[PDB]
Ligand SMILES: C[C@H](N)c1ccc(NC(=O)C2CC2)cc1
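Take a look at this one chain, the form deposited without this ligand, written out in structure tokens.
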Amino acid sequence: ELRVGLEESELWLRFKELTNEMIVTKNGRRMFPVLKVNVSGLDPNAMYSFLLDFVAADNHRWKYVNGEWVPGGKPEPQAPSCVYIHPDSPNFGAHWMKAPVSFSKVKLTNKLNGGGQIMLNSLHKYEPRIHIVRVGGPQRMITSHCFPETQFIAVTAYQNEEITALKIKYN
């Protein structure tokens, strides 16, 4: 049985208890904290690619109103996010298992781009998700895993100064 763990769950949970926020820019902004995943149970000799996407956790626009995030009442279906390929992809199971898989180079944007950067909708809530794709082998296989601890609202600037303080304290 293939095992997937969040590294530094302690810290992510401090952000989640405040409602996490991630900056989006036209050119793309790197995440803090960085999603780092512990993986065991891969075939050391098999080939895998690590993919990252962002599920829209609900169909609502969120607004920071008198110091609290509150959802709107005009839900729209959410067009699914594009996939980011970990730049170490494709690689042997042994490569992926020798240290946490760190998505330090994904950039979150609010504008459709030349590629690389992942476009999110500002003021929408997202749940990071990975896909571990066994490639090249006879049988293709996909194992997917969500990280509720890493949920955030995409923002063009921080609304909650308690998030601003935590981002600086731990970066």
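The first residue of the sequence shown is number 1, and the count goes up from there. Note that the rigid core is defined as the largest set of C-alphas that superpose within 1.5 Å between two forms.
The stretch that strays farther, by root mean square C-alpha distance over structures and residues in 6 other deposited structures of this protein after a rigid core fit, is 131-139, when 105-113 is set against 131-139. With every structure aligned by its rigid core, 114-122 is the stretch of 47-55 and 114-122 whose CA positions lie farther away in 6 other deposited structures of this protein. Look at the C-alpha B-factors of 111-119 and of 25-33. On average they run higher in 111-119. A summary of the deposited B-factors shows that, of 127-135 and 65-73, the stretch with the larger mean C-alpha value is 65-73. Each of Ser104, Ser49, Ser40, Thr143 has a CA temperature factor in the record; the biggest one is found at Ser40. The PDB entry assigns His86 a C-alpha temperature factor belonging to the lowest third of its chain's modelled residues. For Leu2, the recorded CA B-factor ranks within the highest third of the chain. Only modelled residues enter the ranking. When the modelled residues of the chain are ordered by C-alpha B-factor, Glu10 sits in the highest third.
Just so you know, the form deposited with this ligand bound exists too; it's not on screen, but the next bit is about it.
None of the heavy atoms of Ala94 is located within 4.5 Å of this ligand in the entry with it bound. The closest heavy atom approach of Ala57 to this ligand in the entry with it bound falls outside 4.5 Å. Among heavy atoms of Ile85, some come within 4.5 Å of this ligand in the entry with it bound.
Proximity of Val106 to this ligand in the entry with it bound falls outside the 4.5 Å heavy atom cutoff. Within 4.5 angstroms of this ligand in the entry with it bound, the stretch 30-49 places a non-hydrogen atom from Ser49 alone.
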